[PDB]
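Chains as they are written, first to last, in the UniProt record's numbering: chain X, 614 to 635; chain E, 614 to 635; chain G, 614 to 635; chain H, 614 to 635; chain W, 614 to 635; chain U, 614 to 635.
For every residue, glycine included, the Cβ atom is placed at its ideal position computed from N, Cα and C.
First up is the structure itself, then whatever we jot down about it.
There are 6 protein chains.
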Amino acid sequence: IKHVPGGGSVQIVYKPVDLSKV
Amino acid sequence: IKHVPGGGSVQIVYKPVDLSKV
Amino acid sequence: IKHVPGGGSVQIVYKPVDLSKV
Amino acid sequence: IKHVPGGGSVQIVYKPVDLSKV
Amino acid sequence: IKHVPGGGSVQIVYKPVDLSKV
Amino acid sequence: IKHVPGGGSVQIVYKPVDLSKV
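Have a look at this one:
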């Protein structure tokens, strides 16, 4: 019995710029 | 019995700039 | 920006019995 | 931007019995 | 920016019994 | 019995700049 969700994962975000207004 | 969620994960964010206004 | 691998994950094992021989 | 691999994932095993020989 | 691997995860094992022999 | 959430994790943020206004 094993449970192994989301293993070995990568995310990359390159040069993001945020100009949001609130 | 094992539970091994999210193992080995990477995140990269490269040169982010935040100019947000509140 | 979020990364959430294996997030919110569940395992349930109910009344397991082990009689293994080695 | 979200990344959520294996998110919300479930396993259930009910009354397992192990009789393995080694 | 957040990274949250395995976040919010649960395991339950209910009334396990071990009679293993070596 | 093991529970092993989020093991082996890396995060990298490279040369971030924060100019946020409140």
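Could you name the residues of the same chain whose beta carbon sits closer than 6 angstroms to that of residue i, not counting the 5 residues immediately before and after it, in chain order?
i, result
"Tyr627 (chain G)", "none"
"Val617 (chain X)", "none"
Identify the contact partners of residue i in chain G, using a Cβ-Cβ distance below 7 angstroms as the criterion.
i, result
"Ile614 (chain X)", "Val626"
Which chain G residues are close to residue i, counting only those with a beta carbon under 9 angstroms from its beta carbon?
i, result
"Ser622 (chain X)", "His616, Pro618 and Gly619"
Does the Cβ of residue i lie closer than 7 angstroms to at least one heavy atom of the ligand MN?
i, result
"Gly619 (chain U)", "Annotation note on the ligand MN: not contained in the displayed structure, which lists no ligands."
Tell me which same chain residues have a C-beta within less than 7 angstroms of the C-beta of residue i, skipping the five on either side of it?
i, result
"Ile614 (chain X)", "none"
Would you call the stretch 623-633 of chain H and the stretch 618-631 of chain E touching, i.e. three or more CB-CB distances under 8 angstroms?
The stretch 623-633 of chain H and the stretch 618-631 of chain E do not touch, with fewer than 3 CB-CB distances between them shorter than 8 angstroms.
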